[PDB]
Amino acid sequence: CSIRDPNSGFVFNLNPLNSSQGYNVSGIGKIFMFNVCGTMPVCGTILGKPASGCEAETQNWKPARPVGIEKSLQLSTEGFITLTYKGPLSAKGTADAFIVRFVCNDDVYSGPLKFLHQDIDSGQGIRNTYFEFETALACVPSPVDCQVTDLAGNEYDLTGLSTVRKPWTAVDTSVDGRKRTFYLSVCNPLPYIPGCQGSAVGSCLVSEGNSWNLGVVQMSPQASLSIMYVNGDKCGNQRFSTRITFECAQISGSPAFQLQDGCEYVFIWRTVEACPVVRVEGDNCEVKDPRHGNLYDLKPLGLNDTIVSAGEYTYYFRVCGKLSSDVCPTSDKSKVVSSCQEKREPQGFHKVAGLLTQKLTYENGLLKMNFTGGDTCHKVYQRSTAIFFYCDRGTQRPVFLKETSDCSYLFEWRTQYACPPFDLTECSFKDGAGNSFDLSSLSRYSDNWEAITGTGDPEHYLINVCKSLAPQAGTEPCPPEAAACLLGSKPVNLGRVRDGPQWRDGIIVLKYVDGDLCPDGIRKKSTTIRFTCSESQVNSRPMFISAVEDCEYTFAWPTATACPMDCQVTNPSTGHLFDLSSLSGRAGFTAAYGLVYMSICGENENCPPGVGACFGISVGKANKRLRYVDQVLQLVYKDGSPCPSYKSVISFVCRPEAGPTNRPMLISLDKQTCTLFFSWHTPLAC
Ligand SMILES: *[C@@H]1O[C@H](CO)[C@@H](O[C@@H]2O[C@H](CO)[C@@H](O[C@@H]3O[C@H](CO)[C@@H](O)[C@H](O[C@H]4O[C@H](CO)[C@@H](O)[C@H](O)[C@@H]4O[C@H]4O[C@H](CO)[C@@H](O)[C@H](O)[C@@H]4O[C@H]4O[C@H](CO)[C@@H](O)[C@H](O)[C@@H]4O)[C@@H]3O)[C@H](O)[C@H]2NC(C)=O)[C@H](O)[C@H]1NC(C)=O
Ligand SMILES: *[C@@H]1O[C@H](CO)[C@@H](O)[C@H](O)[C@H]1NC(C)=O
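Read in order, the letters of the sequence shown correspond to residues 934 to 992, 998 to 1161, 1166 to 1429, 1431 to 1508, 1515 to 1542, 1546 to 1568, 1572 to 1599, 1605 to 1646 in the deposited numbering.
What follows is the structure, given as structure tokens:
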């Protein structure tokens, strides 16, 4: 059922509206039903044909005025889209008609079908009936409002995704061969891409110098969140479509190509923009958290003037208070200075950077302060000072970020004062052998770990290491005491922090306890994290393993962190262990000069005992601290004879074949530091 707008040049398709339940509405004491670009087998059979529309009176097996033998679709005088189902020639040479108009609504897809009126010419036996059908398919390809509300009343905004300077893209290749780059836009047309322009192209595939428009910017986002772009260029008998499913997540994600269902390309987009927008203003330097319920109080940060240095300038500000420092002098009028830029001489001056304010704003889990009303910059702008507060264990000094185009001076401050109540545990332990383990690097204060489960899993798992969870984005927050959490019906506490990690039956176990009540109503849920040493897993995530009787939850985590902290050293990136013990020995070797005697990993029989190298005079004591640096193995022999302290740096370099003269060579003598630099090309370094 497809037509062209002469004003627009767009190809409209109502194809997607073929449905099976069809569409059914009341009026004039009877119910009118039909389907679109499809049949309505209920009340069918005009001749032997299945009928597109019907009529009946009810509340009914019996149909009436079956219609759909002559189907017609066209633009009227307005340039508005009309579909006519004419039925059979009853009498007097005229057929019963259904006339249905398609009216643009960006916000809905198969939007309310309302009966309008019917014209009754009894004289000519034509009972002609008139309908309106709201759809986004009627809308000409144009940019869309990118703000959404769900039925629960949570507001979102995906404008973040559309405002980017770069075009979002998902690359995807097959087992061998196929290589393609998906361009996605949100609510706005794609940026200029060679081969993809059309009218309002939302998703585009480029492969082998062929571009495909896989959906036009048509319908607004729907509520988790979804967008569909439809009416892309021909795919056999159909036209291409793209579905993007948004999911609320800690990261600023990219859209990831998931699968292809006929002519529809489906993507999953895990991003922070998809998270319910909730924002709150406070005064008296305090603000209440809408999710947890706790009160942030930043008054403690204002008990002294805060000084931050930048390049040549130096910034003074007092949190929620008047500056005490003898700079930017201004008491005149009703202006209380809270922020000052001082450019130190030369060509230095003092500029007021912000006035007193005790307003603390909370915007989607960030705390902000803006000191306004400063000295004029760029004729029209008043200098302002913004501080962004993030949760952290200790309240460290703020750091200068940048000056905006409107002379807003931006500061980040990670401080515990921005952190809800939170439990903490010692995260280093030792095994039976005395090897050191420290998982403290996996403790996250601003975010949490998202567990890896199955790809369709309706539930997500949040975990932190050796502490209770950081605050989470959304309006369904976990109980504050939880260190692990389940996110179905309600947020489920899976366990609180009690003890640190322990070597239990030859594996690293972290146990959280006293979560929500188990279904039997006598026990409380507990979580076990089983850590397994894996050098390659450097950014790894915990994999959810099992949930026994909705009571015992178990995760596994292969990670490089869980690994223990003899002339051998490990490549920190690959894990290949280089052993230089096979070269050691009191016997040792000589390097060209006069000569130089030296032994590695051990002492030499020509020098004083305990000295690694000498000539004749000690040039360094033997030692065992081997470093891997820049694909080279390195020893430093220090504390030698007096420098007219002599020292020897020995560097081992990869050589796939053992050369005809495979002995170390003195490559430098630094006279300013009395340092002897040796290089040795040996197959042992590969
Ligand atoms: C801490 O608090 C202070 C106080 O709240 C905040 O500082 C303020 O920042 C405001 C920006 O939101 C700024 O308002 C601006 O007033 C200027 C005066 O010239 C006005 O030009 C700005 O107007 C822009 O937008 C309006 C409405 O759309 C337009 O009518 C106007 O022509 C300007 O349009 C352009 O810039 C917009 C963004 O600024 C663009 O969206 C828009 O596309 C358009 O771009 C064109 O012109 C731009 C140059 O102006 C150019 O970059 C672009 O290429 C195009 O050529 C706006 O009303 C306040 O002036 C400022 N406070 C003071 C004292 O001046 C500060 O943000 C706070 N810090 C934090 C953390 O928020
Ligand atoms: C309409 O959809 C029905 C059922 O959903 C399917 O059997 C049929 O092939 C579709 N027909 C057209 C005209 O697209």
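Just so it is clear, CB atoms sit at the ideal spot from N, CA and C, and this is done for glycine as well.
{"Asked": "C-beta atoms of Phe967 and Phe1036 nearer than 8 Å", "Found": "yes"}
{"Asked": "Whole-angstrom distance between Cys1559 and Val1574, CA atom to CA atom", "Found": "9 Å"}
{"Asked": "heavy atom of ligand 2 below 7 Å from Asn1236 C-beta", "Found": "no"}
{"Asked": "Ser1168 beta carbon less than 8 Å from that of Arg1185", "Found": "yes"}
{"Asked": "Cβ-heavy atom distance, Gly971 to ligand 2, below 7 Å", "Found": "yes"}
{"Asked": "Nearest residue (CA-CA) to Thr1119, options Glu1146, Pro1159, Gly1025", "Found": "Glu1146"}
{"Asked": "From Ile1610, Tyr1403, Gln1480, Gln1414, residue whose alpha carbon lies closest to that of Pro1362", "Found": "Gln1414"}
{"Asked": "From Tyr1387, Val1456, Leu1428, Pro1507, residue whose alpha carbon lies closest to that of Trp1446", "Found": "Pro1507"}
{"Asked": "Beta strand (DSSP E) segment containing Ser1145, residue limits", "Found": "1141-1145"}
{"Asked": "According to DSSP, residues forming a beta bridge with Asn1520", "Found": "Paired residue(s): none; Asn1520 is not in a bridge."}
{"Asked": "Where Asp1034 falls, given that 16 or more other Cβ within 10 Å makes a residue buried", "Found": "buried"}
{"Asked": "Start-end ranges of the alpha helix (DSSP H) lying completely within the region 1440-1489, minimum 4 residues", "Found": "none"}
{"Asked": "Sequence-distant residues of the same chain with beta carbon closer than 6 Å to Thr1367, five excluded per side", "Found": "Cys1408, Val1440, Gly1443"}
{"Asked": "Whole-angstrom distance between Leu1298 and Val1220, CA atom to CA atom", "Found": "26 Å"}
{"Asked": "Exposure label - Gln1156; buried when at least 16 CB within 10 Å", "Found": "buried"}
{"Asked": "In DSSP terms, what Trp1355 is bridged to", "Found": "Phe1331"}
{"Asked": "Start and end residues, alpha helix (DSSP H) containing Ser1100", "Found": "1097-1100"}
{"Asked": "contact_flag[the region 1174-1190, the region 1236-1245] where n(CB pairs < 8 Å) is 3 or more", "Found": "no"}
{"Asked": "Any non-hydrogen atom of ligand 2 closer than 7 Å to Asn1436 Cβ", "Found": "no"}
{"Asked": "Proximity test, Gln1324 beta-carbon vs ligand 1 heavy atom, cut-off 7 Å", "Found": "yes"}
{"Asked": "First through last residue of the beta strand (DSSP E) which encompasses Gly1374", "Found": "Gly1374 -> no beta strand (DSSP E), and no H or E assigned at all."}
{"Asked": "Rounded distance between the beta-carbons of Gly986 and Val1005, thought under 8 Å", "Found": "5 Å"}
{"Asked": "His1292 - containing beta strand (DSSP E), residue span", "Found": "1292-1297"}
{"Asked": "Any non-hydrogen atom of ligand 1 within 7 Å of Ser1350 CB", "Found": "yes"}
{"Asked": "Beta-carbon proximity of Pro1159 to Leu1096, cut-off 8 Å", "Found": "yes"}
{"Asked": "Cutoff 7 Å; reference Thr991; Cβ partners in own chain excluding five residues on either side", "Found": "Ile964"}
{"Asked": "8 Å contact criterion, which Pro1624 and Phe1638 should meet: CB distance rounded", "Found": "5 Å"}
{"Asked": "Any non-hydrogen atom of ligand 2 closer than 7 Å to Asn951 Cβ", "Found": "yes"}
{"Asked": "Residue of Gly1562, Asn1306, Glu1284, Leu1636 minimising C-alpha distance to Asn1092", "Found": "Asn1306"}
{"Asked": "Cβ neighbour criterion (16 or more within 10 Å) applied to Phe1567", "Found": "buried"}
{"Asked": "Beta-carbon contacts of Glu1401 that lie in its chain and below 8 Å, excluding the five residues immediately before and after", "Found": "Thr1395, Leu1428, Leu1429, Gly1431"}
{"Asked": "For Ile1019 and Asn957, the rounded distance between their alpha carbons", "Found": "20 Å"}
{"Asked": "Cross-strand partners of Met1170 (DSSP beta bridge)", "Found": "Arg1185"}
{"Asked": "Ligand 1 heavy atom lying under 7 Å from the CB of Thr1101", "Found": "no"}
{"Asked": "For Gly1398 and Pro1485, the rounded distance between their alpha carbons", "Found": "17 Å"}
{"Asked": "Residue burial classification, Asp1373 (beta-carbon count within 10 angstroms, cutoff 16)", "Found": "exposed"}
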